[PDB]
>>> print(open('final.csv').read())   # CSV, C-alpha atoms and all ligand atoms
chain,number,residue,atom,x,y,z
A,1,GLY,CA,-5.1,32.5,16.2
A,2,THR,CA,-8.4,30.7,15.2
A,3,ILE,CA,-11.5,32.5,14.2
A,4,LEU,CA,-14.9,30.8,13.5
A,5,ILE,CA,-17.2,32.4,10.9
A,6,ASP,CA,-20.8,31.2,10.8
A,7,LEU,CA,-22.3,30.4,7.5
A,8,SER,CA,-25.9,31.2,7.1
A,9,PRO,CA,-28.3,28.5,6.0
A,10,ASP,CA,-29.1,30.6,3.0
A,11,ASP,CA,-25.6,30.4,1.7
A,12,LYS,CA,-25.0,27.8,-0.9
A,13,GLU,CA,-21.7,27.0,0.9
A,14,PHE,CA,-23.7,26.0,4.1
A,15,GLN,CA,-26.0,24.1,1.8
A,16,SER,CA,-23.3,22.1,0.0
A,17,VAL,CA,-21.7,21.2,3.4
A,18,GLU,CA,-25.0,20.0,4.9
A,19,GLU,CA,-25.7,17.9,1.9
A,20,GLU,CA,-22.3,16.1,2.1
A,21,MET,CA,-23.1,15.5,5.7
A,22,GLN,CA,-26.6,14.1,5.1
A,23,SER,CA,-25.9,12.2,1.9
A,24,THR,CA,-23.2,10.1,3.5
A,25,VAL,CA,-25.1,8.6,6.5
A,26,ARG,CA,-25.2,4.8,6.3
A,27,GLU,CA,-26.1,2.0,8.7
A,28,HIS,CA,-23.2,0.7,10.7
A,29,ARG,CA,-22.6,-3.0,11.6
A,30,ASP,CA,-22.8,-2.2,15.2
A,31,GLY,CA,-26.6,-1.5,14.9
A,32,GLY,CA,-25.9,2.0,16.3
A,33,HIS,CA,-24.0,1.0,19.4
A,34,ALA,CA,-21.2,3.5,19.0
A,35,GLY,CA,-22.9,6.4,17.2
A,36,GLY,CA,-26.6,6.0,17.8
A,37,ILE,CA,-29.6,5.0,15.7
A,38,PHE,CA,-30.4,7.7,13.0
A,39,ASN,CA,-30.8,8.2,9.2
A,40,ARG,CA,-30.2,11.9,9.2
A,41,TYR,CA,-29.0,14.9,11.2
A,42,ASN,CA,-30.4,18.2,12.4
A,43,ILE,CA,-27.7,20.7,11.5
A,44,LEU,CA,-27.6,23.4,14.0
A,45,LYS,CA,-24.5,25.4,12.8
A,46,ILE,CA,-21.7,25.3,10.2
A,47,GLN,CA,-18.7,27.5,10.9
A,48,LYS,CA,-15.7,28.1,8.7
A,49,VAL,CA,-12.4,27.6,10.5
A,50,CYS,CA,-9.8,30.4,9.8
A,51,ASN,CA,-6.3,30.2,11.1
A,52,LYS,CA,-3.6,31.6,8.9
A,53,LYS,CA,-0.8,29.7,10.6
A,54,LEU,CA,-2.4,26.3,10.4
A,55,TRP,CA,-3.4,27.0,6.8
A,56,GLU,CA,0.1,27.9,5.8
A,57,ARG,CA,1.4,24.8,7.5
A,58,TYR,CA,-1.1,22.7,5.6
A,59,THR,CA,-0.3,24.4,2.2
A,60,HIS,CA,3.4,24.0,2.7
A,61,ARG,CA,3.1,20.3,3.2
A,62,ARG,CA,0.6,20.0,0.4
A,63,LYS,CA,3.1,21.4,-2.0
A,64,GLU,CA,5.9,19.0,-0.9
A,65,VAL,CA,3.5,16.1,-1.3
A,66,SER,CA,2.4,17.2,-4.7
A,67,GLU,CA,6.0,17.5,-6.0
A,68,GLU,CA,6.6,14.0,-4.8
A,69,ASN,CA,3.5,12.7,-6.5
A,70,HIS,CA,3.6,13.8,-10.1
A,71,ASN,CA,2.3,17.2,-9.0
A,72,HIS,CA,-0.9,15.8,-7.5
A,73,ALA,CA,-1.7,16.5,-3.9
A,74,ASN,CA,-4.7,14.1,-4.1
A,75,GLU,CA,-6.6,16.5,-1.9
A,76,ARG,CA,-10.0,15.2,-0.6
A,77,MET,CA,-12.7,16.6,1.8
A,78,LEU,CA,-13.4,14.1,4.5
A,79,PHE,CA,-15.0,13.9,7.9
A,80,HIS,CA,-13.4,13.6,11.2
A,81,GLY,CA,-14.9,12.9,14.6
A,82,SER,CA,-13.1,13.4,17.9
A,83,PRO,CA,-13.5,14.5,21.6
A,84,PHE,CA,-10.5,16.7,20.8
A,85,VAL,CA,-12.2,19.0,18.2
A,86,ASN,CA,-11.5,22.1,20.4
A,87,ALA,CA,-7.8,21.4,20.4
A,88,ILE,CA,-7.8,20.6,16.7
A,89,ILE,CA,-9.3,23.8,15.5
A,90,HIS,CA,-6.9,26.0,17.7
A,91,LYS,CA,-3.7,24.0,17.4
A,92,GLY,CA,-4.1,21.8,14.3
A,93,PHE,CA,-4.0,18.0,14.1
A,94,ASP,CA,-1.0,16.4,15.8
A,95,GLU,CA,0.1,13.0,17.4
A,96,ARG,CA,-2.2,13.6,20.4
A,97,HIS,CA,-5.1,13.4,17.8
A,98,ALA,CA,-3.9,9.9,16.6
A,99,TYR,CA,-6.0,6.9,17.0
A,100,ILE,CA,-3.1,4.8,18.4
A,101,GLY,CA,-5.1,1.6,18.0
A,102,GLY,CA,-6.5,2.1,14.5
A,103,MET,CA,-6.6,-0.7,11.9
A,104,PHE,CA,-3.9,0.9,9.8
A,105,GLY,CA,-1.8,1.8,12.8
A,106,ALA,CA,-1.2,4.9,14.9
A,107,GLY,CA,-2.5,7.8,12.8
A,108,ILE,CA,-5.2,10.3,12.0
A,109,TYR,CA,-8.3,8.7,10.5
A,110,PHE,CA,-10.9,10.3,8.2
A,111,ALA,CA,-14.0,9.1,6.6
A,112,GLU,CA,-16.1,9.7,3.5
A,113,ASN,CA,-19.2,8.5,5.6
A,114,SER,CA,-20.2,11.3,8.1
A,115,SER,CA,-21.9,8.6,10.1
A,116,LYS,CA,-18.5,6.8,10.6
A,117,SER,CA,-16.9,10.0,12.0
A,118,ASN,CA,-20.0,10.4,14.2
A,119,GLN,CA,-19.0,7.2,16.0
A,120,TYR,CA,-16.0,8.9,17.4
A,121,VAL,CA,-17.2,12.3,18.6
A,122,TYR,CA,-17.7,10.9,22.1
A,123,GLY,CA,-14.5,8.7,22.1
A,124,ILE,CA,-13.3,5.5,20.7
A,125,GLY,CA,-16.4,3.3,20.2
A,126,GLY,CA,-18.6,6.2,21.2
A,127,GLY,CA,-16.9,6.1,24.7
A,128,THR,CA,-19.7,6.4,27.3
A,129,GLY,CA,-21.8,8.7,25.1
A,130,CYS,CA,-22.8,12.3,25.7
A,131,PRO,CA,-21.3,13.8,28.9
A,132,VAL,CA,-24.8,14.8,30.2
A,133,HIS,CA,-26.9,11.6,29.7
A,134,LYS,CA,-24.0,8.9,29.1
A,135,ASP,CA,-26.0,8.1,26.1
A,136,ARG,CA,-24.3,7.2,22.8
A,137,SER,CA,-27.6,7.5,21.0
A,138,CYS,CA,-28.5,10.9,22.7
A,139,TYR,CA,-31.0,12.8,20.5
A,140,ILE,CA,-30.8,16.0,22.7
A,141,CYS,CA,-27.1,16.8,23.2
A,142,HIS,CA,-25.2,18.8,20.6
A,143,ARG,CA,-22.4,17.1,18.7
A,144,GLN,CA,-19.6,18.5,16.6
A,145,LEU,CA,-17.7,16.9,13.6
A,146,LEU,CA,-15.0,18.4,11.4
A,147,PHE,CA,-15.2,18.5,7.6
A,148,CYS,CA,-11.5,18.6,6.6
A,149,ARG,CA,-9.2,19.2,3.7
A,150,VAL,CA,-6.9,16.2,3.6
A,151,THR,CA,-3.8,15.7,1.4
A,152,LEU,CA,-3.5,11.9,0.5
A,153,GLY,CA,-0.7,12.1,-2.1
A,154,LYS,CA,0.3,8.6,-3.1
A,155,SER,CA,-2.0,6.6,-1.0
A,156,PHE,CA,-1.5,2.9,-0.2
A,157,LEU,CA,-4.5,0.8,-0.9
A,158,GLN,CA,-5.6,-1.6,1.8
A,159,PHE,CA,-8.5,-4.0,1.2
A,160,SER,CA,-10.4,-4.9,4.4
A,161,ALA,CA,3.2,5.3,12.8
A,162,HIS,CA,4.5,6.0,9.2
A,163,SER,CA,2.8,5.6,5.8
A,164,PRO,CA,4.4,2.7,3.9
A,165,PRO,CA,7.5,3.7,2.0
A,166,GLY,CA,6.8,5.6,-1.1
A,167,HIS,CA,3.3,6.6,0.2
A,168,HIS,CA,1.8,9.7,2.0
A,169,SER,CA,-1.4,8.0,3.4
A,170,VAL,CA,-3.4,4.7,3.5
A,171,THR,CA,-6.8,4.2,1.9
A,172,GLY,CA,-8.9,1.6,3.6
A,173,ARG,CA,-11.2,0.3,1.0
A,174,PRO,CA,-14.4,-1.3,2.2
A,175,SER,CA,-14.2,-5.1,1.4
A,176,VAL,CA,-17.3,-6.9,2.7
A,177,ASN,CA,-19.9,-4.2,3.5
A,178,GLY,CA,-21.0,-3.1,0.1
A,179,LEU,CA,-22.5,0.1,1.4
A,180,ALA,CA,-19.5,1.5,3.2
A,181,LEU,CA,-17.4,4.3,1.7
A,182,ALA,CA,-13.6,4.6,2.0
A,183,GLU,CA,-11.7,5.5,5.2
A,184,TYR,CA,-8.2,7.2,5.0
A,185,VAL,CA,-5.3,7.6,7.4
A,186,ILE,CA,-2.5,10.1,7.4
A,187,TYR,CA,0.5,10.1,9.6
A,188,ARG,CA,1.4,13.7,9.7
A,189,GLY,CA,-0.9,16.4,11.1
A,190,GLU,CA,0.2,18.9,8.5
A,191,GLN,CA,-1.6,16.9,5.9
A,192,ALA,CA,-5.1,18.0,7.1
A,193,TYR,CA,-6.8,21.3,7.8
A,194,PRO,CA,-10.1,21.4,9.9
A,195,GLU,CA,-11.9,23.5,7.4
A,196,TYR,CA,-15.6,23.4,8.7
A,197,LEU,CA,-16.8,22.8,12.3
A,198,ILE,CA,-20.4,21.3,12.1
A,199,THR,CA,-22.7,21.4,15.1
A,200,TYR,CA,-25.6,18.9,14.9
A,201,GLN,CA,-27.9,16.5,16.6
A,202,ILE,CA,-28.7,13.0,15.4
A,203,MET,CA,-32.5,12.6,14.7
A,204,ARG,CA,-34.6,9.7,16.1
A,205,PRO,CA,-36.0,7.9,13.1
A,206,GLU,CA,-39.8,7.9,12.5
B,301,LIG,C1,-11.0,5.0,13.2
B,301,LIG,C2,-11.5,6.4,13.2
B,301,LIG,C3,-11.3,7.3,14.2
B,301,LIG,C4,-11.8,8.6,14.1
B,301,LIG,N1,-11.5,9.5,15.1
B,301,LIG,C5,-10.7,9.2,16.3
B,301,LIG,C6,-10.7,10.4,17.3
B,301,LIG,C7,-10.0,10.0,18.5
B,301,LIG,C8,-10.7,9.6,19.7
B,301,LIG,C9,-10.1,9.2,20.8
B,301,LIG,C10,-8.8,9.1,20.9
B,301,LIG,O1,-8.2,8.7,22.1
B,301,LIG,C11,-8.0,9.5,19.8
B,301,LIG,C12,-8.6,9.9,18.6
B,301,LIG,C13,-12.4,9.0,13.0
B,301,LIG,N2,-13.0,10.0,12.5
B,301,LIG,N3,-13.6,9.8,11.4
B,301,LIG,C14,-13.4,8.6,11.0
B,301,LIG,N4,-12.6,8.0,12.0
B,301,LIG,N5,-12.2,6.8,12.1
B,302,ZN,ZN,-27.2,13.8,26.1
>>> encode(input="final.csv", output="structure tokens", more="lines below")
Ligand SMILES: Cc1cc(NCCc2ccc(O)cc2)c2nncn2n1
Ligand SMILES: [Zn+2]
Amino acid sequence: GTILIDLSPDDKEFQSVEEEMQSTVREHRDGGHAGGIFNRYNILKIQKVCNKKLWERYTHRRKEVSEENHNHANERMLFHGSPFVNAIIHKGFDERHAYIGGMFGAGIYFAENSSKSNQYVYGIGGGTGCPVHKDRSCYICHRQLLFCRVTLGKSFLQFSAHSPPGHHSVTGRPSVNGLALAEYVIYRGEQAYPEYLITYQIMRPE
């Protein structure tokens, strides 16, 4: 049921998505170990992801959350990086898209920083890097991220499975690295919708 529609670089929608992508790159404490060394991306394609069934599943859950949270879904747009992107955009997020060993427990993790999600496209910790060159910093091979609609509802704040009782998600608030943005976790696949598929390369800095 999934269809991918390409946005053209002349569309303001393409342009706003690229800017969210470029504007939220930061340096990582691993010096680039997981995701590579880069300050910006070369965006090759932005596709909108259309799947009526996944969308209806997402909106259904969004409404239940909103009614449980003073009519506020607390919907954000956040990045997600995974070797399972192809499964996600055809079948939706599910338990098999859970980072079993994440900091906030087995769930589905998202980030405000595109460069954080970029660390996961090739696996936990960057795995062994691109399949062609086994290079976590590969400037050649094409990568893909999702920019997703995520329902947070009442989110539990954590300064640094199930949500804590009373809550629909966990917000991981950056607590030492002053430049980091927030990271979020949800525990039900229906609370996210993989709205844009972004194909890109990291760029070698000058
Ligand atoms: C911790 C984390 C994991 C992310 N993705 C994990 C994808 C994944 C990779 C391998 C695996 O066995 C399960 C999930 C992620 N994306 N954007 C931000 N994050 N943050
Ligand atoms: Zn490569």
>>> closest_residue(input="final.csv", among="A:155, A:170, A:179, A:133", to="ligand ZN 302 (chain B)", atoms="all atoms listed in the file")
A:133
>>> residues_around(input="final.csv", residues="residue A:47", least_positions_apart="5", cutoff="12 Å", atoms="only C-alpha atoms", output="number ranges by chain")
A: 2-9, 11, 13-14, 17-18, 89, 144-147, 194-200
>>> closest_atom_pairs(input="final.csv", of="chain A", to="ligand LIG 301 (chain B)", cutoff="8 Å", atoms="only C-alpha atoms and all ligand atoms", output="JSON lines")
{"residue": "A:79", "atom": "CA", "partner": "B:LIG301", "partner_atom": "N3", "distance": 5.6}
{"residue": "A:80", "atom": "CA", "partner": "B:LIG301", "partner_atom": "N3", "distance": 3.8}
{"residue": "A:81", "atom": "CA", "partner": "B:LIG301", "partner_atom": "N2", "distance": 4.1}
{"residue": "A:82", "atom": "CA", "partner": "B:LIG301", "partner_atom": "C6", "distance": 3.9}
{"residue": "A:83", "atom": "CA", "partner": "B:LIG301", "partner_atom": "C8", "distance": 6.0}
{"residue": "A:84", "atom": "CA", "partner": "B:LIG301", "partner_atom": "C7", "distance": 7.1}
{"residue": "A:96", "atom": "CA", "partner": "B:LIG301", "partner_atom": "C11", "distance": 7.1}
{"residue": "A:97", "atom": "CA", "partner": "B:LIG301", "partner_atom": "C12", "distance": 5.0}
{"residue": "A:98", "atom": "CA", "partner": "B:LIG301", "partner_atom": "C12", "distance": 5.1}
{"residue": "A:99", "atom": "CA", "partner": "B:LIG301", "partner_atom": "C12", "distance": 4.3}
{"residue": "A:100", "atom": "CA", "partner": "B:LIG301", "partner_atom": "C11", "distance": 6.9}
{"residue": "A:102", "atom": "CA", "partner": "B:LIG301", "partner_atom": "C1", "distance": 5.5}
{"residue": "A:103", "atom": "CA", "partner": "B:LIG301", "partner_atom": "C1", "distance": 7.3}
{"residue": "A:108", "atom": "CA", "partner": "B:LIG301", "partner_atom": "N1", "distance": 7.1}
{"residue": "A:109", "atom": "CA", "partner": "B:LIG301", "partner_atom": "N4", "distance": 4.6}
{"residue": "A:110", "atom": "CA", "partner": "B:LIG301", "partner_atom": "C14", "distance": 4.1}
{"residue": "A:111", "atom": "CA", "partner": "B:LIG301", "partner_atom": "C14", "distance": 4.5}
{"residue": "A:113", "atom": "CA", "partner": "B:LIG301", "partner_atom": "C14", "distance": 7.9}
{"residue": "A:114", "atom": "CA", "partner": "B:LIG301", "partner_atom": "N3", "distance": 7.5}
{"residue": "A:116", "atom": "CA", "partner": "B:LIG301", "partner_atom": "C14", "distance": 5.4}
{"residue": "A:117", "atom": "CA", "partner": "B:LIG301", "partner_atom": "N3", "distance": 3.4}
{"residue": "A:118", "atom": "CA", "partner": "B:LIG301", "partner_atom": "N3", "distance": 7.0}
{"residue": "A:119", "atom": "CA", "partner": "B:LIG301", "partner_atom": "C13", "distance": 7.5}
{"residue": "A:120", "atom": "CA", "partner": "B:LIG301", "partner_atom": "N1", "distance": 5.1}
{"residue": "A:121", "atom": "CA", "partner": "B:LIG301", "partner_atom": "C6", "distance": 6.9}
{"residue": "A:122", "atom": "CA", "partner": "B:LIG301", "partner_atom": "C8", "distance": 7.5}
{"residue": "A:123", "atom": "CA", "partner": "B:LIG301", "partner_atom": "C8", "distance": 4.6}
{"residue": "A:124", "atom": "CA", "partner": "B:LIG301", "partner_atom": "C9", "distance": 4.9}
{"residue": "A:183", "atom": "CA", "partner": "B:LIG301", "partner_atom": "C14", "distance": 6.8}
>>> closest_atom_pairs(input="final.csv", of="chain A", to="ligand ZN 302 (chain B)", cutoff="9 Å", atoms="only C-alpha atoms and all ligand atoms", output="Markdown table")
| residue | atom | partner | partner_atom | distance |
| --- | --- | --- | --- | --- |
| A:129 | CA | B:ZN302 | ZN | 7.5 |
| A:130 | CA | B:ZN302 | ZN | 4.7 |
| A:131 | CA | B:ZN302 | ZN | 6.5 |
| A:132 | CA | B:ZN302 | ZN | 4.9 |
| A:133 | CA | B:ZN302 | ZN | 4.2 |
| A:134 | CA | B:ZN302 | ZN | 6.6 |
| A:135 | CA | B:ZN302 | ZN | 5.8 |
| A:136 | CA | B:ZN302 | ZN | 7.9 |
| A:137 | CA | B:ZN302 | ZN | 8.1 |
| A:138 | CA | B:ZN302 | ZN | 4.7 |
| A:139 | CA | B:ZN302 | ZN | 6.8 |
| A:140 | CA | B:ZN302 | ZN | 5.4 |
| A:141 | CA | B:ZN302 | ZN | 4.2 |
| A:142 | CA | B:ZN302 | ZN | 7.7 |
>>> atom_distance(input="final.csv", atom1="atom CA of residue A:54", atom2="atom CA of residue A:189")
10.0 Å
>>> atom_distance(input="final.csv", atom1="atom CA of residue A:143", atom2="atom CA of residue A:90")
17.9 Å
>>> atom_distance(input="final.csv", atom1="atom CA of residue A:26", atom2="atom CA of residue A:39")
7.2 Å
>>> closest_residue(input="final.csv", among="A:87, A:202, A:185, A:46", to="residue A:150", atoms="only C-alpha atoms")
A:185
>>> residues_near_point(input="final.csv", point="(-3.1, 12.8, 0.3)", cutoff="7 Å", atoms="only C-alpha atoms", output="list in words")
residues 73, 74, 75, 150, 151, 152, 153, 154, 155, 168 and 169 of chain A
